[PDB]
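To start, the structure under review is shown below, and the notes come after it.
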Amino acid sequence: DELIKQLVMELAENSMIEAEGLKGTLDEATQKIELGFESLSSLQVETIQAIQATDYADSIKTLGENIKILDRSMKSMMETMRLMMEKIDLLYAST
Amino acid sequence: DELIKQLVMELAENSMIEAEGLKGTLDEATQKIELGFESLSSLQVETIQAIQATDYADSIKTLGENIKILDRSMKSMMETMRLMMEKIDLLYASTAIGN
Amino acid sequence: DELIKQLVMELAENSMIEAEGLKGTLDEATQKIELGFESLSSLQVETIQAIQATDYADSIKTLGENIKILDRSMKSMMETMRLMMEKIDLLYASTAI
Amino acid sequence: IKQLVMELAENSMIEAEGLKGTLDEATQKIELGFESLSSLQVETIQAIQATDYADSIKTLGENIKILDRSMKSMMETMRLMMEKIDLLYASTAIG
């Protein structure tokens with residue numbers, strides 16, 4: 001009666017202490033989950049933005065353009081060297 | 001007594017409020033986790049796809065071919081210039097020593 | 001009365017219903033956190049490998065090695081052109097009018 | 001009865017520490033996921049930021065432009081060489 005009254009009031013004290021404990025921890029876990037996904041998402045966007053920045057499709061276009069220019073300069077040199085070879089042959093023949 | 005019945009009825013009522021309060025907070029936490037992993041996982045998949053579909057390799061190949069072609073031509077031009085030097089040498093020796 | 005018996009037998013049986021409800025959800029949640037980070041870790045490793053396999057530093061390397069060879073042919077031609085001009089100038093002393 | 005209640009208090013004490021232990025374990029499995037994945041993301045970003053080669057390709061473009069200038073200047077030197085050969089030829093019996 002007085003012992004059963006102690007038991008029940010003990011249950012209600014210990015239950016609500018435990019219920020609080022578990023509540024407080026869940027809130028901490030919820031803060032943890034919110035911040036953790038906020039950071040993973042931020043770094044995932046930085047990854048995409050860093051890959052975006054590393055674009056060098058334009059570097060390659062420009063390099064290919066200077067190679068074609070050197071190619072055209074080389075073809076003129078070869079033409080010039082054919083004409084020079086002929087003037088050498090002429091001079092030697094004409095000595 | 002009516003005391004123990006009132007203590008139990010109060011205990012029972014509060015226990016179910018705390019339990020349903022815990023249950024809902026755990027479901028909200030589980031829902032958040034699921035949506036967290038779901039959303040990040042979608043964007044990482046699309047990140048891998050888009051990396052895989054880049055093709056600079058094709059372009060670096062072409063440039064390497066075009067440089068091999070320039071290299072072959074320059075070896076050809078070095079041969080022409082050796083012959084040109086030999087013909088100049090023959091002109092020099094033959095006019096100097098002959099004449 | 002059996003009204004103290006009933007109310008408690010009810011609170012005992014459904015508070016155990018609740019507790020298993022929580023234990024079961026907490027055991028799902030845990031399993032999901034594990035399979036979650038396993039999934040993102042694996043995708044992140046696959047990201048790093050997708051990047052590594054589109055790293056062409058070595059292909060650019062070879063490109064640069066091959067441009068160094070053109071440079072060395074150009075150096076060789078420029079030296080031959082220097083010697084040639086000197087031999088042509090020497091013709092001005094040896095070639096009769 | 002005193003027993004109906006006393007068993008409840010114990011079964012509820014143990015279910016409770018049963019729960020707090022799986023929770024604190026989840027709370028830590030979560031700190032380790034975020035710490036682990038986040039540093040793996042930092043790696044990834046750092047392995048993109050070490051992998052930029054727009055400058056590498058620009059440098060090769062510059063090497064090509066230097067070769068083009070030497071090629072064009074050799075062509076102007078050989079056109080002088082041709083003028084020198086023509087003058088010599090102009091001076092022979094035949095030219």
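The table that follows gives values for the structure above.
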read-out: Spatially near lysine pairs across chain B, Cα under 29 Å, sequence gap of 8 or more or different chains; value: 4
read-out: Other protein chain Cβ atoms within 10 Å, averaged over every residue that makes up C:24-31; value: 5
read-out: Helical mean residue ellipticity (222 nm; -39500 (n - 2.57) per DSSP H run of 4+; nearest 500) of the protein assembly as shown; value: -34000 deg cm²/dmol
read-out: Selected from B:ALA12, B:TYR92, B:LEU63, residue furthest toward positive end of dipole (chain B; charges at beta carbon); value: B:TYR92
read-out: Kirkwood estimate for the protein assembly as shown, i.e. one over the average of 1/r between Cα atoms, Å; value: 28.9
read-out: Rounded to the nearest 20 debye, dipole of chain D from Cβ charges on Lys, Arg, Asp, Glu; value: 960
read-out: Label zone at C:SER41 (point 7 Å along Cα-to-Cβ), backbone N below 19 Å, segment D:27-49; value: D:27-45
read-out: Segment D:1-51 - Debye-derived log10 I(q)/I(0), Cα point model, q = 0.16, 0.28 Å⁻¹; value: -0.64, -0.94
read-out: Degrees, to the nearest 10: D:54-91 long Cα axis against longest axis of chain D; value: 10
read-out: Separation between Cα centres of segment C:38-97 and segment B:46-80, rounded to whole Å; value: 12
read-out: Gained length - A:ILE17 relative to A:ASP1, 0.36 nm times residue gap less alpha-carbon distance; value: 3.3 nm
read-out: Radius of gyration and Dmax over the Cα atoms of chain D, both given in Å; value: 42.5, 143
read-out: For segment D:53-95, the fraction of alpha-carbon pairs in successive 5 Å shells from zero, as %; value: 6, 20, 13, 12, 12, 9, 8, 7, 5, 4, 3, 2, 0
read-out: Sites A:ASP71 and D:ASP52, calculated FRET efficiency, Cβ-Cβ separation with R0 30 Å, nearest 0.05; value: 0.60
read-out: Net charge of Cβ neighbours under 9 Å - reference C:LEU22; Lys, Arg +1; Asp, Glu -1; value: -1
read-out: Net charge of Cβ neighbours under 13 Å - reference B:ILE33; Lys, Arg +1; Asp, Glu -1; value: -3
read-out: Angle between chain C longest axis and helix C:2-52 axis [Cα atoms, degrees, rounded to 10]; value: 10
read-out: Order of B:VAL45, D:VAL5 under a 10 Å beta carbon neighbour criterion, fewest first; value: B:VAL45, D:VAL5
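Note that we place each Cβ from the backbone using ideal geometry, even for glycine, and neighbour counts take in every protein chain shown. The numbers here are math on the coordinates, done by the rules we state, and not lab data.
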